[PDB]
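This document starts with one chain, in the form deposited in one PDB entry, laid out as structure tokens.
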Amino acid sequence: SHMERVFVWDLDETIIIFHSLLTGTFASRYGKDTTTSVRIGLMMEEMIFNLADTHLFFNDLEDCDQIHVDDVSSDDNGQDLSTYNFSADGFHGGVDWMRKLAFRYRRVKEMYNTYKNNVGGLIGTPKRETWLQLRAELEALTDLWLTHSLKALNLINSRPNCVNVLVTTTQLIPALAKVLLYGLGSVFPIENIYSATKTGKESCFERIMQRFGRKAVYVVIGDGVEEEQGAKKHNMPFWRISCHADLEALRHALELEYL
């Protein structure tokens, strides 16, 4: 008999600042050095795709455009993938191939779960140190943006009748890499991440409502138009985020309500 809320977050320029570092709009809006903005943006970009290629089978899975990690779970036999050799299995077919596809997404899921709170372990040294230094420069230049978004994400997580869902235009694998490198692994259960690169956010929202029911209250949080328009088409309240203040306002609302 408890009211339940489903928070449908956007990632880029909502929870994290990354793309706006390359375009110079963030540095320009808050008076930061544009040259530092771009340097940091490119370094993080390198780390995101390097983690993607090296550990999340990005060169293998990219051309699939999958929406959710479990979309091809039908073809998984559930075997142990601890010693399974992905390189020598000839993936690059339509049935024995579907099984190898599924194996890869589940191994991604396993990597994500064992390393979500130990990204330094996954990334390995010396990348870990460079990563911690990058995150440090990033937090400074963005005036603790991530610190603010996390405060809302963690209040949502700790609250019993609230849940965190993620919908991003970023492709699925790179999205998981971003989420991991920005320390969001522990706040977003992998089964709650959706990539709207191709089906679009409206479809993803519809799918998320099918999954959580009509009795739950949805709140679409984001900085972009797509997300807002999709929220209208489904009569889902929309919470826009344009600056730190907006993340603080969400946090405030989150702490005054007991469900």
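Heads up, when I say rigid core I mean the largest set of C-alphas that superpose within 1.5 Å between the two forms. Start at 1 with the first residue shown and count on from there.
Keep in mind that the form deposited with a small molecule bound is not shown, yet the notes after this line are about it.
Heavy atoms within 4.5 Å of the small molecule in the deposited complex are found in one stretch of 69-77, 122-130, 140-148, 154-162, which is 140-148. Looking at the small molecule in the deposited complex, residues 15, 18 and 135 each place a heavy atom within 4.5 Å of it. Proximity to the small molecule in the deposited complex, defined as a heavy atom within 4.5 Å, holds among 207, 32, 234, 39 only for 32. Scanning 188, 103, 112, 182 against the small molecule in the deposited complex with a 4.5 Å heavy atom cut-off leaves one residue, 182. The small molecule is not drawn, but in the deposited complex it has no heavy atom within 4.5 Å of residue 57. Not displayed here, the small molecule is approached by residue 26 to within 4.5 Å at the level of heavy atoms in the deposited complex. For the chain shown alone, residue 44 is a contact residue for the small molecule in the deposited complex, at least one non-hydrogen atom being within 4.5 angstroms. Remark: residue 240 does not count among the residues lining the small molecule in the deposited complex, judged by a heavy atom distance of 4.5 Å or less. After superposing the rigid core, the Cα of residue 240 is displaced by less than 2 Å between this form and the one not shown. In contrast to the form presented, in the deposited complex the C-alpha positions of residue 159 and residue 15 spread farther apart by 3 Å or more. Inter-residue distance, residue 16 to residue 58 (Cα): reduced by at least 3 Å in the deposited complex versus the depicted form.
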